[PDB]
Structures are given as C-alpha cells and as structure tokens.
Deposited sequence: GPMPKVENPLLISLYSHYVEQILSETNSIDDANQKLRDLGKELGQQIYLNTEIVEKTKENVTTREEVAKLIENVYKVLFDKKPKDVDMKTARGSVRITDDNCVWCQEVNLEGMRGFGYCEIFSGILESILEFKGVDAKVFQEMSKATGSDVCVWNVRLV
C-alpha cells in the first residue's frame, strides 16, 4: 500500500519542523526547495558526450531521473501547456502518500523534489528553476512540478 514508510515519516518530520520555524507558506516552500538542492549531490552520487539542451532531451532526462529515484515513469511529462517549461505530473507521489492537509492550498508539501531535480539538472549542464505547481497533500488529484529552463 504505502511505499517507503520510513522516507515519508522522516520527511513529514522535516516538513513539520520547517512549518514551525517559518512565518509564511512562501518561505516554507523555499526552505523545502533549499533542502532538496542540498540533498541533490549525495542523491546523484548514490544512484554521454555533451550537455543536452533541447526540451525533448530535458524531458527524457527527467523521465530517466524519475525512473532512477522512484522505480517508475512519471504520470505525465508535458512540454505543451506552459511553453518554455516542462510540467511533471505524478498521481502517486511518494512524498505525500496519505497526507491530507486542510487550509493549506499554495503550500507545496513536496517541494523537496523541486530542489532535488533542480540540482540534478544543474549537474547535467541544464540551468532551471523548479517549483511545485500543485500537491495532492493540499487537495489536488495529482502532484505537479514546473521546470522552467532559464
């Protein structure tokens, strides 16, 4: 049923602490992003000829990174809706399984992945900004992260 109970419980603890420490939902989001960026290096180590540049190559690399971290492909990788960005959709996000928060729309419970993906892309020569577009933890049907190529 629930995949990686240990990871989701430890991350729940991290989210609880950040929420208790910050003074706004915006800053909580940014702190979770920063956490993910800090972890990206170690995650990259524990897991060809020229840096990729096209959005199709970026989307393929995103699919490969998602397979490597989560043993599966993303529900959707979309290069059409937003333009200049790639939207990653997952209907069974590992981070927010069974998490139901009320009155917290706009809080990206799963922004750690924004940071992880931003750091991994940076290591591969892809400069980007990533934020969580929506989270099932706050009522959405899926989780969506927005990767903007800068």
*asked:* As a test: can you identify every run of the deposited sequence that has no C-alpha position in this structure, in order?
replied: 1-4, 52-56
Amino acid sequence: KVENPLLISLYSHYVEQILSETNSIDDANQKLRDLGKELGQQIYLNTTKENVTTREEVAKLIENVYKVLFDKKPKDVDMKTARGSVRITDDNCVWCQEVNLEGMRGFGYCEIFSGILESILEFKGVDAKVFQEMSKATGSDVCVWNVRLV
From here on, numbers count along this sequence of modelled residues.
*So which stretch wins on mean C-alpha B-factor, 132-140 or 5-13?*
132-140
*Determine, for stretches 87-95 and 32-40, which one has the higher mean CA B-factor as deposited.*
87-95
*Third assignment of residue 111 from its chain's C-alpha B-factors*: lowest
*Comparing against every modelled residue in the chain, figure out the third that the C-alpha B-factor of residue 46 lands in (lowest, middle or highest).*
highest
*Taking the chain's C-alpha temperature factors as the reference, tell me which third residue 102 falls into: lowest, middle or highest.*
middle
_Relative C-alpha B-factor of residue 122, binned into the chain's lowest, middle or highest third_ = lowest
